Amino acid sequence: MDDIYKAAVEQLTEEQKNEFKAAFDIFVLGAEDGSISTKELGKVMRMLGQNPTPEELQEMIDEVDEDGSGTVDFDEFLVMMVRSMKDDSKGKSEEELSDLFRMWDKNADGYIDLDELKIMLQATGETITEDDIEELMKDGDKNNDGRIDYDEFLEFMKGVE
């Protein structure tokens with residue numbers, strides 16, 4: 001069963017790449033080739049903050065090792081990593097968008113206005129004249145709204161952040 005995963009890995013994001021070498025480097029501890037033993041494959045999951053099950057793992061390799069080596073290589077890990085992702089109830093970017101929405105909305109309205117837009121100037125430092133504040137608002141507004149909602153706000157940063 002490699003195809004079922006090939007679809008998840010090919011559709012995955014660069015994130016999985018960082019989280020991979022990030023932890024992988026820990027096990028290998030900066031070595032030439034540190035293949036995480038299957039028996040440890042159950043520990044790597046717990047190290048990623050979660051409720052793994054090393055008891056079921058033994059049942060997997062017992063019937064099929066997906067290779068018959070006894071160790072965990074790159075592909076093996078990358079596959080298992082996403083293998084768990086399957087069937088879940090928590091996977092959205094909104095959670096992260098909520099944070100930003102607040103940074104650009106610190107009052108009690110829940111909408112990014114002209115005054116909330118200029119805030120960007122401080123987020124970067126100092127540059128351009130007031131025209132920058134008006135221009136921006138014109139690039140995000142003037143579309144029959146008069147203001148900047150969430151879907152409109154998050155959509156902006158989703159294309160430049």
# chains A, B, ... in the order shown; residues from 1 in each chain; ligands from 1

call {"tool": "select_by_dssp", "arguments": {"residues": "segment 20-65 of chain A", "states": "alpha helix (DSSP H)", "output": "PyMOL selection string"}}
result
chain A and resi 20-28+38-46+54-63

call {"tool": "write_last_selection", "arguments": {"atoms": "N, CA, C and O atoms", "output": "short mmCIF file (atom, residue, chain, number, x, y, z; two decimals), in the first residue's frame"}}
result
data_model
loop_
_atom_site.label_atom_id
_atom_site.label_comp_id
_atom_site.auth_asym_id
_atom_site.auth_seq_id
_atom_site.Cartn_x
_atom_site.Cartn_y
_atom_site.Cartn_z
N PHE A 20 10.02 16.87 9.16
CA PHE A 20 10.72 15.61 8.97
C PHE A 20 12.18 15.72 9.40
O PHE A 20 12.58 15.15 10.42
N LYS A 21 12.97 16.46 8.63
CA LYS A 21 14.38 16.65 8.93
C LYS A 21 14.56 17.22 10.33
O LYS A 21 15.59 17.00 10.97
N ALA A 22 13.56 17.95 10.81
CA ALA A 22 13.61 18.55 12.13
C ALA A 22 13.75 17.49 13.21
O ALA A 22 14.64 17.56 14.06
N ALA A 23 12.87 16.49 13.18
CA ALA A 23 12.90 15.41 14.15
C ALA A 23 13.95 14.36 13.78
O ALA A 23 14.67 13.85 14.64
N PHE A 24 14.02 14.04 12.49
CA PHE A 24 14.97 13.05 12.00
C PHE A 24 16.39 13.38 12.47
O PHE A 24 17.14 12.49 12.86
N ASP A 25 16.74 14.66 12.44
CA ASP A 25 18.06 15.11 12.86
C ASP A 25 18.29 14.80 14.34
O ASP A 25 19.42 14.58 14.77
N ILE A 26 17.20 14.79 15.11
CA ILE A 26 17.29 14.51 16.54
C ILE A 26 17.69 13.06 16.79
O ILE A 26 18.58 12.79 17.60
N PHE A 27 17.04 12.14 16.09
CA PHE A 27 17.33 10.72 16.24
C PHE A 27 18.75 10.41 15.77
O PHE A 27 19.54 9.80 16.50
N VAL A 28 19.08 10.83 14.55
CA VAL A 28 20.40 10.59 13.99
C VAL A 28 21.47 11.37 14.76
O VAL A 28 22.64 10.98 14.77
N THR A 38 12.33 0.16 13.89
CA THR A 38 10.89 0.00 13.96
C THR A 38 10.40 0.06 15.40
O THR A 38 9.40 0.72 15.70
N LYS A 39 11.11 -0.61 16.30
CA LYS A 39 10.75 -0.63 17.71
C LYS A 39 10.69 0.79 18.27
O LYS A 39 10.00 1.05 19.26
N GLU A 40 11.41 1.70 17.64
CA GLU A 40 11.44 3.09 18.07
C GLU A 40 10.44 3.93 17.28
O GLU A 40 10.14 5.07 17.65
N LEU A 41 9.93 3.37 16.19
CA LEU A 41 8.97 4.06 15.35
C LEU A 41 7.76 4.51 16.16
O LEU A 41 7.07 5.47 15.80
N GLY A 42 7.50 3.82 17.27
CA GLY A 42 6.37 4.16 18.12
C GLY A 42 6.69 5.30 19.07
O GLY A 42 5.79 5.95 19.59
N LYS A 43 7.98 5.52 19.31
CA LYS A 43 8.41 6.59 20.20
C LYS A 43 8.45 7.93 19.48
O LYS A 43 8.08 8.96 20.05
N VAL A 44 8.88 7.91 18.23
CA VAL A 44 8.96 9.13 17.43
C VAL A 44 7.62 9.84 17.38
O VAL A 44 7.56 11.07 17.31
N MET A 45 6.54 9.07 17.42
CA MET A 45 5.19 9.63 17.39
C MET A 45 4.87 10.35 18.69
O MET A 45 4.31 11.44 18.68
N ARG A 46 5.22 9.72 19.81
CA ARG A 46 4.97 10.30 21.12
C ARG A 46 5.77 11.59 21.31
O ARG A 46 5.35 12.49 22.03
N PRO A 54 2.38 2.03 20.38
CA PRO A 54 3.48 1.13 20.03
C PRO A 54 3.06 -0.34 20.08
O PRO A 54 3.75 -1.21 19.55
N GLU A 55 1.92 -0.61 20.72
CA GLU A 55 1.42 -1.97 20.84
C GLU A 55 0.84 -2.45 19.51
O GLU A 55 0.95 -3.63 19.17
N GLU A 56 0.23 -1.53 18.77
CA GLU A 56 -0.37 -1.87 17.48
C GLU A 56 0.70 -1.97 16.40
O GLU A 56 0.57 -2.75 15.45
N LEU A 57 1.77 -1.19 16.54
CA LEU A 57 2.86 -1.20 15.58
C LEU A 57 3.39 -2.61 15.37
O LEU A 57 3.55 -3.06 14.24
N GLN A 58 3.67 -3.30 16.47
CA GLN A 58 4.19 -4.66 16.41
C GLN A 58 3.27 -5.55 15.57
O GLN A 58 3.72 -6.52 14.96
N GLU A 59 1.99 -5.22 15.55
CA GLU A 59 1.01 -5.99 14.79
C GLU A 59 1.12 -5.69 13.30
O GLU A 59 0.82 -6.55 12.46
N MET A 60 1.56 -4.48 12.97
CA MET A 60 1.72 -4.08 11.58
C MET A 60 2.87 -4.84 10.92
O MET A 60 2.67 -5.57 9.95
N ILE A 61 4.07 -4.65 11.45
CA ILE A 61 5.25 -5.32 10.91
C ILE A 61 5.10 -6.84 10.96
O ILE A 61 5.58 -7.55 10.09
N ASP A 62 4.42 -7.32 12.00
CA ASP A 62 4.20 -8.75 12.16
C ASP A 62 3.62 -9.37 10.89
O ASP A 62 4.08 -10.41 10.43
N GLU A 63 2.61 -8.71 10.33
CA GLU A 63 1.97 -9.19 9.11
C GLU A 63 2.69 -8.65 7.87
O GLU A 63 2.95 -9.39 6.92
#

call {"tool": "residues_around", "arguments": {"residues": "residue 86 of chain A", "least_positions_apart": "2", "cutoff": "12 Å", "atoms": "only C-alpha atoms", "output": "MDAnalysis selection string"}}
result
chainID A and resid 4:5 7:9 79:84 88:91

call {"tool": "write_last_selection", "arguments": {"atoms": "C-alpha atoms", "output": "PDB file, in the first residue's frame"}}
result
ATOM      1  CA  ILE A   4      -2.813   5.414  -1.076  1.00  0.00           C
ATOM      2  CA  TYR A   5       0.027   7.335   0.568  1.00  0.00           C
ATOM      3  CA  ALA A   7      -1.558  10.722  -3.057  1.00  0.00           C
ATOM      4  CA  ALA A   8      -1.173  12.237   0.411  1.00  0.00           C
ATOM      5  CA  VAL A   9       2.567  12.865   0.120  1.00  0.00           C
ATOM      6  CA  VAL A  79       4.709   7.689   4.718  1.00  0.00           C
ATOM      7  CA  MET A  80       3.938   6.856   8.347  1.00  0.00           C
ATOM      8  CA  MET A  81       3.871  10.559   9.212  1.00  0.00           C
ATOM      9  CA  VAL A  82       0.987  11.166   6.807  1.00  0.00           C
ATOM     10  CA  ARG A  83      -0.457   7.708   7.452  1.00  0.00           C
ATOM     11  CA  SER A  84      -1.626   8.970  10.845  1.00  0.00           C
ATOM     12  CA  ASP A  88      -8.881  13.196  11.798  1.00  0.00           C
ATOM     13  CA  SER A  89     -11.010  16.023  13.195  1.00  0.00           C
ATOM     14  CA  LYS A  90      -8.546  18.917  13.308  1.00  0.00           C
ATOM     15  CA  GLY A  91      -6.951  20.327  10.170  1.00  0.00           C
TER      16      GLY A  91
END

call {"tool": "residues_around", "arguments": {"residues": "residue 98 of chain A", "least_positions_apart": "5", "cutoff": "12 Å", "atoms": "only C-alpha atoms", "output": "number ranges by chain"}}
result
A: 92-93, 103-105, 110, 150-151, 153-154

call {"tool": "closest_residue", "arguments": {"among": "A:1, A:144, A:87, A:139", "to": "residue 64 of chain A", "atoms": "only C-alpha atoms"}}
result
A:1

call {"tool": "atom_distance", "arguments": {"atom1": "atom CA of residue 73 of chain A", "atom2": "atom CA of residue 34 of chain A"}}
result
8.7 Å

call {"tool": "atom_distance", "arguments": {"atom1": "atom CA of residue 159 of chain A", "atom2": "atom CA of residue 12 of chain A"}}
result
18.5 Å

call {"tool": "residues_around", "arguments": {"residues": "residue 140 of chain A", "least_positions_apart": "2", "cutoff": "12 Å", "atoms": "only C-alpha atoms", "output": "number ranges by chain"}}
result
A: 112-114, 117, 133-138, 142-157

call {"tool": "write_last_selection", "arguments": {"atoms": "N, CA and C atoms", "output": "compact mmCIF listing (two decimals), in the first residue's frame"}}
result
# COMPACT_ATOMS: atom_id res chain seq x y z
N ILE A 112 -11.33 45.03 9.75
CA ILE A 112 -10.16 45.84 9.43
C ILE A 112 -10.55 47.08 8.64
N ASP A 113 -10.44 48.24 9.28
CA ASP A 113 -10.78 49.51 8.64
C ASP A 113 -9.52 50.24 8.19
N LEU A 114 -9.69 51.46 7.71
CA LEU A 114 -8.57 52.27 7.24
C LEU A 114 -7.53 52.44 8.34
N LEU A 117 -5.77 49.21 8.84
CA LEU A 117 -4.92 48.87 7.70
C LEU A 117 -3.55 49.52 7.83
N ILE A 133 -1.51 54.44 2.94
CA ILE A 133 -2.67 54.01 3.72
C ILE A 133 -3.94 54.05 2.88
N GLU A 134 -4.09 55.10 2.09
CA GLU A 134 -5.27 55.25 1.23
C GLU A 134 -5.22 54.26 0.07
N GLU A 135 -4.06 54.15 -0.56
CA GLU A 135 -3.89 53.24 -1.69
C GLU A 135 -4.25 51.81 -1.29
N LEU A 136 -3.63 51.33 -0.22
CA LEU A 136 -3.88 49.98 0.27
C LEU A 136 -5.38 49.73 0.44
N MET A 137 -6.03 50.60 1.20
CA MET A 137 -7.46 50.48 1.44
C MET A 137 -8.23 50.41 0.12
N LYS A 138 -7.70 51.07 -0.90
CA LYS A 138 -8.34 51.08 -2.22
C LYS A 138 -8.10 49.76 -2.95
N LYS A 142 -13.22 49.22 -2.04
CA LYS A 142 -13.75 49.78 -3.28
C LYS A 142 -14.39 48.70 -4.14
N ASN A 143 -14.78 47.60 -3.50
CA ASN A 143 -15.41 46.49 -4.20
C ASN A 143 -16.83 46.24 -3.69
N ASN A 144 -17.52 47.33 -3.36
CA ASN A 144 -18.89 47.23 -2.85
C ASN A 144 -18.91 46.59 -1.47
N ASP A 145 -18.16 47.17 -0.54
CA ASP A 145 -18.10 46.65 0.82
C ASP A 145 -17.90 47.79 1.82
N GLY A 146 -16.92 48.64 1.55
CA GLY A 146 -16.64 49.76 2.44
C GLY A 146 -15.71 49.37 3.58
N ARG A 147 -15.49 48.08 3.75
CA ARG A 147 -14.63 47.58 4.81
C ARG A 147 -13.96 46.27 4.40
N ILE A 148 -13.15 45.72 5.30
CA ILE A 148 -12.45 44.47 5.03
C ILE A 148 -12.86 43.39 6.03
N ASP A 149 -13.61 42.40 5.55
CA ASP A 149 -14.06 41.31 6.40
C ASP A 149 -12.96 40.27 6.59
N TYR A 150 -13.29 39.17 7.26
CA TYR A 150 -12.33 38.11 7.51
C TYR A 150 -11.90 37.44 6.21
N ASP A 151 -12.85 36.82 5.52
CA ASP A 151 -12.57 36.15 4.26
C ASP A 151 -11.77 37.05 3.33
N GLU A 152 -12.02 38.35 3.41
CA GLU A 152 -11.32 39.32 2.57
C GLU A 152 -9.93 39.63 3.14
N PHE A 153 -9.83 39.62 4.47
CA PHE A 153 -8.57 39.91 5.14
C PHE A 153 -7.62 38.71 5.04
N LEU A 154 -8.07 37.57 5.56
CA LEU A 154 -7.26 36.36 5.53
C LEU A 154 -6.83 36.02 4.11
N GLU A 155 -7.68 36.34 3.14
CA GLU A 155 -7.39 36.08 1.74
C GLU A 155 -6.23 36.94 1.25
N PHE A 156 -6.08 38.12 1.85
CA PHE A 156 -5.01 39.04 1.48
C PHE A 156 -3.66 38.51 1.93
N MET A 157 -3.57 38.13 3.20
CA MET A 157 -2.32 37.61 3.76
C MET A 157 -2.03 36.22 3.21

call {"tool": "select_by_dssp", "arguments": {"residues": "chain A", "states": "strand (DSSP E or B)", "output": "ChimeraX atom specification"}}
result
/A:36-37,71-72,112,148

call {"tool": "atom_distance", "arguments": {"atom1": "atom CA of residue 71 of chain A", "atom2": "atom CA of residue 36 of chain A"}}
result
6.0 Å

call {"tool": "decode", "arguments": {"residues": "segment 51-73 of chain A", "atoms": "N, CA, C and O atoms", "output": "CSV table (one decimal), in the first residue's frame"}}
result
chain,number,residue,atom,x,y,z
A,51,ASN,N,-1.1,10.9,21.1
A,51,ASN,CA,-1.4,9.6,21.8
A,51,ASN,C,-1.2,8.4,20.8
A,51,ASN,O,-2.2,7.8,20.3
A,52,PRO,N,0.1,8.1,20.6
A,52,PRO,CA,0.4,7.0,19.7
A,52,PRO,C,0.1,5.6,20.3
A,52,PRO,O,-0.5,5.5,21.4
A,53,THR,N,0.5,4.5,19.6
A,53,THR,CA,0.3,3.2,20.1
A,53,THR,C,1.3,2.2,19.6
A,53,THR,O,1.2,1.6,18.5
A,54,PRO,N,2.4,2.0,20.4
A,54,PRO,CA,3.5,1.1,20.0
A,54,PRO,C,3.1,-0.3,20.1
A,54,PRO,O,3.8,-1.2,19.6
A,55,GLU,N,1.9,-0.6,20.7
A,55,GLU,CA,1.4,-2.0,20.8
A,55,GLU,C,0.8,-2.5,19.5
A,55,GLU,O,0.9,-3.6,19.2
A,56,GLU,N,0.2,-1.5,18.8
A,56,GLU,CA,-0.4,-1.9,17.5
A,56,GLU,C,0.7,-2.0,16.4
A,56,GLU,O,0.6,-2.8,15.4
A,57,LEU,N,1.8,-1.2,16.5
A,57,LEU,CA,2.9,-1.2,15.6
A,57,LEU,C,3.4,-2.6,15.4
A,57,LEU,O,3.5,-3.1,14.2
A,58,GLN,N,3.7,-3.3,16.5
A,58,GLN,CA,4.2,-4.7,16.4
A,58,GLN,C,3.3,-5.6,15.6
A,58,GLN,O,3.7,-6.5,15.0
A,59,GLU,N,2.0,-5.2,15.6
A,59,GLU,CA,1.0,-6.0,14.8
A,59,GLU,C,1.1,-5.7,13.3
A,59,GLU,O,0.8,-6.5,12.5
A,60,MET,N,1.6,-4.5,13.0
A,60,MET,CA,1.7,-4.1,11.6
A,60,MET,C,2.9,-4.8,10.9
A,60,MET,O,2.7,-5.6,10.0
A,61,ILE,N,4.1,-4.7,11.5
A,61,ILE,CA,5.3,-5.3,10.9
A,61,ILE,C,5.1,-6.8,11.0
A,61,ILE,O,5.6,-7.6,10.1
A,62,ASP,N,4.4,-7.3,12.0
A,62,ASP,CA,4.2,-8.8,12.2
A,62,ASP,C,3.6,-9.4,10.9
A,62,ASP,O,4.1,-10.4,10.4
A,63,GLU,N,2.6,-8.7,10.3
A,63,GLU,CA,2.0,-9.2,9.1
A,63,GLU,C,2.7,-8.7,7.9
A,63,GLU,O,3.0,-9.4,6.9
A,64,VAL,N,3.0,-7.4,7.9
A,64,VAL,CA,3.7,-6.7,6.8
A,64,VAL,C,4.6,-5.6,7.2
A,64,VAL,O,4.1,-4.7,8.0
A,65,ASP,N,5.8,-5.6,6.8
A,65,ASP,CA,6.8,-4.6,7.2
A,65,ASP,C,6.9,-3.5,6.1
A,65,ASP,O,7.6,-2.5,6.3
A,66,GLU,N,6.1,-3.6,5.1
A,66,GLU,CA,6.1,-2.7,4.0
A,66,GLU,C,7.4,-2.6,3.3
A,66,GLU,O,7.7,-1.6,2.6
A,67,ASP,N,8.3,-3.6,3.6
A,67,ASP,CA,9.6,-3.6,3.0
A,67,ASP,C,10.4,-4.9,3.4
A,67,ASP,O,11.1,-5.5,2.6
A,68,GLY,N,10.2,-5.2,4.7
A,68,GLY,CA,10.9,-6.4,5.2
A,68,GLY,C,12.4,-6.1,5.6
A,68,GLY,O,13.2,-6.9,5.4
A,69,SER,N,12.6,-4.9,6.2
A,69,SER,CA,14.0,-4.5,6.5
A,69,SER,C,14.1,-4.5,8.1
A,69,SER,O,15.1,-5.0,8.6
A,70,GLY,N,13.1,-3.9,8.7
A,70,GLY,CA,13.2,-3.9,10.2
A,70,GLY,C,13.5,-2.5,10.7
A,70,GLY,O,13.5,-2.2,11.9
A,71,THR,N,13.8,-1.6,9.8
A,71,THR,CA,14.2,-0.2,10.1
A,71,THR,C,13.2,0.8,9.5
A,71,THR,O,12.4,0.4,8.7
A,72,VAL,N,13.4,2.1,9.8
A,72,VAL,CA,12.6,3.1,9.2
A,72,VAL,C,13.4,4.1,8.4
A,72,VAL,O,14.2,4.9,9.0
A,73,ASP,N,13.3,4.0,7.1
A,73,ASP,CA,14.0,4.9,6.2
A,73,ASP,C,13.2,6.2,6.0
A,73,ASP,O,12.3,6.5,6.7
